[PDB]
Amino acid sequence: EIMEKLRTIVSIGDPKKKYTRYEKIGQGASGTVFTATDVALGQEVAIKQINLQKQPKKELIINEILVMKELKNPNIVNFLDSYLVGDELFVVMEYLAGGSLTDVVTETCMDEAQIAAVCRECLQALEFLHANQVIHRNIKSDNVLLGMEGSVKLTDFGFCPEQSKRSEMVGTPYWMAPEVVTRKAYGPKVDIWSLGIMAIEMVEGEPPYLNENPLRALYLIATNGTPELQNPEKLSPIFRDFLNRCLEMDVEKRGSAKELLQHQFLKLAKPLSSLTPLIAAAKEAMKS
């Protein structure tokens, strides 16, 4: 087969002439991710190189790249373009110079206004994914990019994780909502849950359940959910309220993305340029 319908996403041309100074940045289960420079625009991009030959049956399934093509939003890392050489698909996406939310969380302390900005930006992205029936599933520190000009973007989701029951857990899935860990049918609002968790992490410098064995963490998530703050009184009442609405254990009561964009806590937001000192400090701390 000719893999039809590649026509819909591939542009003509050699991606090794359109882009230069490739540098490897991420191996990965089916994907090398490079960084590189557009020879015409100067712009830096991420390029995922995919061997369709080793793409087990996942052929039209992996033209959910076409879904990436249709669904574009300021608060996600967007598809830019794609090229083909032989059976190597190069997918070109936005590159954001900055750091991950994790790095900033580990090396700086954030105030409530800056946390309010991040959450605002994350909720805009969520609202978008949700209106288009995408659940992200992995809303963690590690999948938020903070841009040196104040951009916030979500990263590392599909749709268009499942571990055999017979397997040990090694990692703790600290971000996962209750209804997820007990393997019930779930919806969008799990992303809200996880955002909740992520907000705690921005305050505490760390995720919940890091002192915890994975199976205990699972249990606590199912029975208690709302991880329960080291020192509540440290947080403004409005922020705790925000947390509460995100971390409501009954799905129906927990807030939607759209609801929560109207919550009073996002009115604290500082402008996004307030995130840029956070990044510079994180870069400085990591020169080790």
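Numbers for residues come from their place in the sequence shown, where the first is 1.
- In this entry, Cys160 and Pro161 are separated by 4 to 9 residues of the deposited sequence that lack coordinates.
- For the segment pair 97-105 and 206-214, the entry gives 206-214 the higher mean B-factor, averaged over Cα atoms.
- Stretch comparison (130-138 versus 162-170) by mean CA B-factor in the PDB entry places 162-170 on top.
- Comparing the listed residues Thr32, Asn244, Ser256, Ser236, the entry records the largest Cα B-factor for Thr32.
- Residue-level temperature factors show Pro74 in the lowest third of its chain, judged at the C-alpha atom.
- Sorting the modelled residues of the chain by their CA temperature factor places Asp81 in the middle third.
- Among all modelled residues in its chain, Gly196 ranks in the lowest third by Cα B-factor.
- Residue-level temperature factors show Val91 in the lowest third of its chain, judged at the C-alpha atom.
- In the deposited entry, the Cα temperature factor of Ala285 sits in the middle third of values across the chain's modelled residues.
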